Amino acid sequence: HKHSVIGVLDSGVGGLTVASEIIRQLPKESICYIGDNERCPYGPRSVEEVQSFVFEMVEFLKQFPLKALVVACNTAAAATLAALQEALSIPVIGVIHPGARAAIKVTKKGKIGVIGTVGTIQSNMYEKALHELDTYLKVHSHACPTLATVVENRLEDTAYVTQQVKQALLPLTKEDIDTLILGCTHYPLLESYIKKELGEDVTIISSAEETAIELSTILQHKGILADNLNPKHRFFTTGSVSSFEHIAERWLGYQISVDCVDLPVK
């Protein structure tokens, strides 16, 4: 396992929030990332379709020596995490359960909100994951379909972002919650807006931050942590390479290695 990498898959660029947290909290691990930008968004797609696309990305990642797989996309995790964990022998870490687990840790009232794409919310995976750990939690799940697009295409228009965040969170402002799970790869970029809308009494949970610590926990439990003092990461996209590189530099603050890929493989 000394040369093995962490495979990371996502529907596009959003997953860079997850990749950044793995790079920060597990600095000796090597990332091999694939974003299916050509078919993004997955949010409005059927479960069957999303599962087929995710398995195509897994086939691509299998060309590398994987020690573990992270499904960075909440929509993809909702639709295929169980299928992947059954199919693969390596650890498969999704972004939903780590967020639910962290919500249980920070809630004082046992009342949790979660926002995400229509696919993520309709799967009801967040409520199911939360109840598996604690049946006596009240979970309010709300789809916010306009947010990911807002993050990728209108983020500089602050007035527009504020209005869209206000509209998306109106249903939750009416509910009694003290914790909110950002159940979508893109939402960390809206954290400030969200906090302003919900208030100081609601603790925000990032899927990215919690998934990296969950991965860390599992790799160490399994005794497979890397010891590389200066790893390098590789990013792949099915869409425009220049487009991905540009957003990435904006989100990360630096340039990354990006290459094109065609799915299905071979």
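Numbering starts at 1 and follows the sequence shown.
In this entry, the higher average B-factor at the C-alpha atoms falls on 150-158, of the pair 150-158 and 171-179. Between 83-91 and 113-121, it is 83-91 that carries the larger average Cα temperature factor according to the deposited entry.
Highest CA B-factor among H131, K195, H186, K108, as stated in the entry: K195.
Going by the entry's values, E48 shows the largest Cα B-factor out of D36, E209, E48, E29. Remark: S141 belongs to the middle third of its chain, ranked by C-alpha B-factor as recorded. In the deposited entry, the Cα temperature factor of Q63 places it in the highest third of its chain's modelled residues.
The PDB entry assigns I6 a C-alpha temperature factor belonging to the lowest third of its chain's modelled residues. Ranked by C-alpha B-factor against the other modelled residues of its chain, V13 falls in the middle third. Ranked by Cα temperature factor within the chain, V241 sits in the highest third according to the deposited record.
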